[PDB]
file work-v4.cif (mmCIF, C-alpha atoms)
data_start
#
loop_
_atom_site.label_atom_id
_atom_site.label_comp_id
_atom_site.auth_asym_id
_atom_site.auth_seq_id
_atom_site.Cartn_x
_atom_site.Cartn_y
_atom_site.Cartn_z
CA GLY A 1 110.79 56.07 134.64
CA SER A 2 107.39 57.66 134.19
CA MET A 3 107.03 61.25 133.02
CA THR A 4 104.47 63.52 131.37
CA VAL A 5 106.86 64.13 128.45
CA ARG A 6 109.03 67.21 128.08
CA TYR A 7 107.73 69.09 125.10
CA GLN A 8 108.89 72.46 123.90
CA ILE A 9 107.22 74.95 121.62
CA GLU A 10 109.35 77.02 119.25
CA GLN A 11 108.57 79.52 116.53
CA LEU A 12 108.61 78.00 113.07
CA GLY A 13 109.38 81.17 111.15
CA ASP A 14 106.98 84.09 110.99
CA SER A 15 103.47 82.77 111.57
CA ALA A 16 103.76 79.07 112.26
CA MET A 17 104.42 76.95 115.34
CA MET A 18 106.40 73.75 115.82
CA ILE A 19 106.21 71.68 119.01
CA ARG A 20 108.58 68.85 119.88
CA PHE A 21 107.83 66.42 122.70
CA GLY A 22 109.85 63.63 124.24
CA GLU A 23 110.88 60.26 122.84
CA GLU A 24 112.87 57.06 123.42
CA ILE A 25 110.33 55.90 125.99
CA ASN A 26 107.49 58.05 124.68
CA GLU A 27 105.31 55.77 122.55
CA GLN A 28 102.58 58.10 123.78
CA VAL A 29 104.16 60.97 121.85
CA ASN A 30 105.38 58.76 119.01
CA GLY A 31 101.81 57.72 118.29
CA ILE A 32 100.01 60.89 119.30
CA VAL A 33 102.17 63.31 117.28
CA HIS A 34 101.13 61.27 114.26
CA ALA A 35 97.48 61.55 115.31
CA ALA A 36 97.88 65.13 116.56
CA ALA A 37 97.95 66.33 112.99
CA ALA A 38 94.45 64.97 112.66
CA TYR A 39 93.65 65.83 116.28
CA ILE A 40 94.17 69.50 115.46
CA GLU A 41 92.26 69.29 112.18
CA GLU A 42 89.23 67.80 113.95
CA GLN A 43 89.33 70.47 116.66
CA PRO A 44 90.90 73.42 114.80
CA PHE A 45 90.81 77.19 114.69
CA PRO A 46 89.26 78.98 111.66
CA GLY A 47 92.73 80.05 110.56
CA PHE A 48 94.26 76.58 110.58
CA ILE A 49 96.43 75.95 107.53
CA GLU A 50 98.42 72.72 107.86
CA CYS A 51 100.01 70.34 110.34
CA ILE A 52 102.72 67.80 109.66
CA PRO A 53 103.92 65.10 112.10
CA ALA A 54 107.69 65.07 112.51
CA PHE A 55 108.11 61.76 114.35
CA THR A 56 108.13 63.37 117.81
CA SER A 57 107.37 66.96 116.83
CA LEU A 58 104.42 68.82 115.35
CA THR A 59 105.03 71.25 112.55
CA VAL A 60 101.89 73.35 112.81
CA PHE A 61 101.09 75.95 110.17
CA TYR A 62 98.24 78.44 110.33
CA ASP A 63 96.96 81.85 109.37
CA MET A 64 98.00 84.66 111.67
CA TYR A 65 94.90 86.67 110.65
CA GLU A 66 92.69 84.41 112.77
CA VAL A 67 95.12 84.24 115.62
CA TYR A 68 95.36 88.05 115.68
CA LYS A 69 91.57 87.74 115.84
CA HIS A 70 92.28 86.22 119.23
CA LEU A 71 95.65 87.65 120.39
CA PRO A 72 94.61 87.82 124.12
CA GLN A 73 96.01 90.62 126.28
CA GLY A 74 99.25 89.14 127.47
CA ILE A 75 99.87 87.20 124.32
CA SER A 76 102.51 89.25 122.58
CA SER A 77 102.81 86.92 119.62
CA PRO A 78 100.40 85.39 117.04
CA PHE A 79 101.85 81.87 117.42
CA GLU A 80 101.65 82.39 121.18
CA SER A 81 97.87 82.71 120.95
CA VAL A 82 97.68 79.53 118.89
CA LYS A 83 99.51 77.67 121.64
CA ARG A 84 96.38 77.96 123.73
CA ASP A 85 94.02 76.77 121.00
CA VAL A 86 96.11 73.67 120.56
CA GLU A 87 97.01 73.33 124.28
CA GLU A 88 93.40 72.85 125.39
CA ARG A 89 93.32 69.93 122.96
CA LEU A 90 96.90 68.72 123.48
CA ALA A 91 97.29 69.22 127.23
CA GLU A 92 94.42 66.86 128.04
CA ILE A 93 96.51 63.97 126.72
CA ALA A 94 99.48 64.46 129.08
CA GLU A 95 101.07 67.87 128.84
CA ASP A 96 98.33 69.53 130.93
CA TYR A 97 100.67 68.67 133.81
CA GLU A 98 103.24 70.93 132.17
CA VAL A 99 101.59 73.68 130.14
CA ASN A 100 104.01 75.72 128.00
CA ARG A 101 102.02 78.82 128.93
#

call {"tool": "encode", "arguments": {"input": "work-v4.cif", "output": "structure tokens"}}
result
Amino acid sequence: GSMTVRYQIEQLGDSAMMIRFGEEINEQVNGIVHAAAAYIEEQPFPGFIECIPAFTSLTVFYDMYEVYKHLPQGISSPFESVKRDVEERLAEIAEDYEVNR
């Protein structure tokens, strides 16, 4: 069974984002979520704070000041703007077929 993973983005707390992908048959995620921490830090946004790999999920911390600096018209939430900054990096690995919007 081939799939492009089923990952979901939730709100961490106030100004942080955590994204879980798939597993069991997702060595892609299992390895990339570990590297994604570094993936984001190599291609980050000026308000990036921290990113910790949670086995199949990304706990992504950042500064809302820089995301508000973006906050595109339609984006109603700081973390929601960040999704895009990470998406353009993330999506290209698989999830571009999904896009959490």

call {"tool": "residues_near_point", "arguments": {"input": "work-v4.cif", "point": "(100.7, 75.2, 112.5)", "cutoff": "9 Å", "atoms": "all atoms listed in the file", "output": "PyMOL selection string"}}
result
chain A and resi 12+15-18+48-52+58-63+79+82

call {"tool": "atom_distance", "arguments": {"input": "work-v4.cif", "atom1": "CA of residue 6 (chain A)", "atom2": "CA of residue 69 (chain A)"}}
result
29.6 Å

call {"tool": "closest_residue", "arguments": {"input": "work-v4.cif", "among": "A:44, A:36, A:57, A:76", "to": "residue 8 (chain A)", "atoms": "all atoms listed in the file"}}
result
A:57

call {"tool": "residues_around", "arguments": {"input": "work-v4.cif", "residues": "residue 28 (chain A)", "least_positions_apart": "6", "cutoff": "9 Å", "atoms": "all atoms listed in the file", "output": "VMD selection string"}}
result
chain A and resid 5 93 to 94

call {"tool": "write_last_selection", "arguments": {"input": "work-v4.cif", "atoms": "C-alpha atoms", "output": "PDB file, in the coordinates of the input"}}
result
ATOM      1  CA  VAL A   5     106.860  64.130 128.450  1.00  0.00           C
ATOM      2  CA  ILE A  93      96.510  63.970 126.720  1.00  0.00           C
ATOM      3  CA  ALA A  94      99.480  64.460 129.080  1.00  0.00           C
TER       4      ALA A  94
END

call {"tool": "resolve_selection", "arguments": {"input": "work-v4.cif", "expression": "the PyMOL selection byres ((chain A and resi 34) around 10)", "output": "PDB file with C-alpha atoms, in the frame of the given file"}}
result
ATOM      1  CA  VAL A  29     104.160  60.970 121.850  1.00  0.00           C
ATOM      2  CA  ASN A  30     105.380  58.760 119.010  1.00  0.00           C
ATOM      3  CA  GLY A  31     101.810  57.720 118.290  1.00  0.00           C
ATOM      4  CA  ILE A  32     100.010  60.890 119.300  1.00  0.00           C
ATOM      5  CA  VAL A  33     102.170  63.310 117.280  1.00  0.00           C
ATOM      6  CA  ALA A  35      97.480  61.550 115.310  1.00  0.00           C
ATOM      7  CA  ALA A  36      97.880  65.130 116.560  1.00  0.00           C
ATOM      8  CA  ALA A  37      97.950  66.330 112.990  1.00  0.00           C
ATOM      9  CA  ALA A  38      94.450  64.970 112.660  1.00  0.00           C
ATOM     10  CA  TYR A  39      93.650  65.830 116.280  1.00  0.00           C
ATOM     11  CA  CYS A  51     100.010  70.340 110.340  1.00  0.00           C
ATOM     12  CA  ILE A  52     102.720  67.800 109.660  1.00  0.00           C
ATOM     13  CA  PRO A  53     103.920  65.100 112.100  1.00  0.00           C
ATOM     14  CA  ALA A  54     107.690  65.070 112.510  1.00  0.00           C
ATOM     15  CA  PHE A  55     108.110  61.760 114.350  1.00  0.00           C
ATOM     16  CA  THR A  56     108.130  63.370 117.810  1.00  0.00           C
ATOM     17  CA  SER A  57     107.370  66.960 116.830  1.00  0.00           C
ATOM     18  CA  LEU A  58     104.420  68.820 115.350  1.00  0.00           C
TER      19      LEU A  58
END

call {"tool": "atom_distance", "arguments": {"input": "work-v4.cif", "atom1": "CA of residue 97 (chain A)", "atom2": "CA of residue 25 (chain A)"}}
result
17.8 Å

call {"tool": "atom_distance", "arguments": {"input": "work-v4.cif", "atom1": "CA of residue 46 (chain A)", "atom2": "CA of residue 68 (chain A)"}}
result
11.6 Å

call {"tool": "closest_residue", "arguments": {"input": "work-v4.cif", "among": "A:42, A:9, A:27, A:95", "to": "residue 83 (chain A)", "atoms": "only C-alpha atoms"}}
result
A:9

call {"tool": "axis_aligned_box", "arguments": {"input": "work-v4.cif", "around": "region 33-48 of chain A", "padding_each_side": "3 Å", "output": "JSON"}}
result
{"center_x": 95.7, "center_y": 70.7, "center_z": 113.9, "size_x": 18.9, "size_y": 24.8, "size_z": 12.7}

call {"tool": "residues_near_point", "arguments": {"input": "work-v4.cif", "point": "(96.6, 79.5, 118.5)", "cutoff": "9 Å", "atoms": "only C-alpha atoms", "output": "short mmCIF file (atom, residue, chain, number, x, y, z; two decimals) with C-alpha atoms, in the frame of the given file"}}
result
data_model
loop_
_atom_site.label_atom_id
_atom_site.label_comp_id
_atom_site.auth_asym_id
_atom_site.auth_seq_id
_atom_site.Cartn_x
_atom_site.Cartn_y
_atom_site.Cartn_z
CA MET A 17 104.42 76.95 115.34
CA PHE A 45 90.81 77.19 114.69
CA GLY A 47 92.73 80.05 110.56
CA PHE A 48 94.26 76.58 110.58
CA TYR A 62 98.24 78.44 110.33
CA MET A 64 98.00 84.66 111.67
CA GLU A 66 92.69 84.41 112.77
CA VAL A 67 95.12 84.24 115.62
CA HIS A 70 92.28 86.22 119.23
CA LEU A 71 95.65 87.65 120.39
CA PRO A 78 100.40 85.39 117.04
CA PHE A 79 101.85 81.87 117.42
CA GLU A 80 101.65 82.39 121.18
CA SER A 81 97.87 82.71 120.95
CA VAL A 82 97.68 79.53 118.89
CA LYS A 83 99.51 77.67 121.64
CA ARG A 84 96.38 77.96 123.73
CA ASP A 85 94.02 76.77 121.00
CA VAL A 86 96.11 73.67 120.56
CA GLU A 87 97.01 73.33 124.28
#

call {"tool": "closest_residue", "arguments": {"input": "work-v4.cif", "among": "A:26, A:43, A:1, A:7", "to": "residue 99 (chain A)", "atoms": "all atoms listed in the file"}}
result
A:7

call {"tool": "decode", "arguments": {"input": "work-v4.cif", "residues": "region 17-77 of chain A", "atoms": "C-alpha atoms", "output": "PDB file, in the first residue's frame"}}
result
ATOM      1  CA  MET A  17       2.988  24.372  15.692  1.00  0.00           C
ATOM      2  CA  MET A  18       3.185  20.589  15.878  1.00  0.00           C
ATOM      3  CA  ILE A  19       2.750  18.360  12.823  1.00  0.00           C
ATOM      4  CA  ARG A  20       2.280  14.591  12.950  1.00  0.00           C
ATOM      5  CA  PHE A  21       2.606  12.435   9.840  1.00  0.00           C
ATOM      6  CA  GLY A  22       1.991   8.760   9.245  1.00  0.00           C
ATOM      7  CA  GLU A  23       3.887   5.710  10.442  1.00  0.00           C
ATOM      8  CA  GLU A  24       4.026   1.905  10.554  1.00  0.00           C
ATOM      9  CA  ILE A  25       4.952   1.791   6.877  1.00  0.00           C
ATOM     10  CA  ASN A  26       6.336   5.322   6.751  1.00  0.00           C
ATOM     11  CA  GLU A  27      10.120   5.010   6.982  1.00  0.00           C
ATOM     12  CA  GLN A  28       9.987   8.146   4.841  1.00  0.00           C
ATOM     13  CA  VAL A  29       8.409  10.055   7.727  1.00  0.00           C
ATOM     14  CA  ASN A  30      10.317   8.136  10.399  1.00  0.00           C
ATOM     15  CA  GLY A  31      13.594   9.304   8.905  1.00  0.00           C
ATOM     16  CA  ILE A  32      12.508  12.681   7.584  1.00  0.00           C
ATOM     17  CA  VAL A  33      10.852  13.928  10.785  1.00  0.00           C
ATOM     18  CA  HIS A  34      14.231  13.380  12.407  1.00  0.00           C
ATOM     19  CA  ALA A  35      15.904  15.342   9.611  1.00  0.00           C
ATOM     20  CA  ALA A  36      13.045  17.842   9.337  1.00  0.00           C
ATOM     21  CA  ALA A  37      14.229  19.489  12.509  1.00  0.00           C
ATOM     22  CA  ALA A  38      17.426  20.283  10.681  1.00  0.00           C
ATOM     23  CA  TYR A  39      15.570  20.709   7.388  1.00  0.00           C
ATOM     24  CA  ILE A  40      13.664  23.626   8.903  1.00  0.00           C
ATOM     25  CA  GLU A  41      16.756  25.106  10.551  1.00  0.00           C
ATOM     26  CA  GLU A  42      18.613  25.142   7.220  1.00  0.00           C
ATOM     27  CA  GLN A  43      15.666  26.766   5.441  1.00  0.00           C
ATOM     28  CA  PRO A  44      14.016  28.726   8.280  1.00  0.00           C
ATOM     29  CA  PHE A  45      12.089  31.904   8.890  1.00  0.00           C
ATOM     30  CA  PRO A  46      13.726  34.795  10.827  1.00  0.00           C
ATOM     31  CA  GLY A  47      11.459  34.057  13.783  1.00  0.00           C
ATOM     32  CA  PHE A  48      12.334  30.377  14.063  1.00  0.00           C
ATOM     33  CA  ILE A  49      12.872  29.299  17.665  1.00  0.00           C
ATOM     34  CA  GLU A  50      13.153  25.522  17.981  1.00  0.00           C
ATOM     35  CA  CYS A  51      12.098  22.228  16.422  1.00  0.00           C
ATOM     36  CA  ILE A  52      12.073  18.823  18.070  1.00  0.00           C
ATOM     37  CA  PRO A  53      11.470  15.483  16.289  1.00  0.00           C
ATOM     38  CA  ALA A  54       8.807  13.388  17.987  1.00  0.00           C
ATOM     39  CA  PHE A  55       9.365  10.068  16.187  1.00  0.00           C
ATOM     40  CA  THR A  56       6.647  10.716  13.587  1.00  0.00           C
ATOM     41  CA  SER A  57       5.709  14.273  14.526  1.00  0.00           C
ATOM     42  CA  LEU A  58       7.407  17.658  14.437  1.00  0.00           C
ATOM     43  CA  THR A  59       7.161  19.890  17.452  1.00  0.00           C
ATOM     44  CA  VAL A  60       7.929  23.235  15.860  1.00  0.00           C
ATOM     45  CA  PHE A  61       8.440  26.315  18.008  1.00  0.00           C
ATOM     46  CA  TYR A  62       8.851  29.852  16.710  1.00  0.00           C
ATOM     47  CA  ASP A  63       8.347  33.536  17.335  1.00  0.00           C
ATOM     48  CA  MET A  64       4.923  34.852  16.420  1.00  0.00           C
ATOM     49  CA  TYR A  65       6.394  38.346  15.892  1.00  0.00           C
ATOM     50  CA  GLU A  66       7.948  37.242  12.605  1.00  0.00           C
ATOM     51  CA  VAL A  67       4.949  35.261  11.537  1.00  0.00           C
ATOM     52  CA  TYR A  68       2.690  38.271  12.192  1.00  0.00           C
ATOM     53  CA  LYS A  69       5.246  39.986   9.963  1.00  0.00           C
ATOM     54  CA  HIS A  70       3.822  37.695   7.314  1.00  0.00           C
ATOM     55  CA  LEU A  71       0.232  36.869   8.391  1.00  0.00           C
ATOM     56  CA  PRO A  72      -1.148  36.829   4.779  1.00  0.00           C
ATOM     57  CA  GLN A  73      -4.719  37.979   4.172  1.00  0.00           C
ATOM     58  CA  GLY A  74      -6.664  34.807   4.715  1.00  0.00           C
ATOM     59  CA  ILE A  75      -4.351  33.488   7.360  1.00  0.00           C
ATOM     60  CA  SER A  76      -6.267  34.122  10.539  1.00  0.00           C
ATOM     61  CA  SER A  77      -3.641  32.620  12.801  1.00  0.00           C
TER      62      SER A  77
END
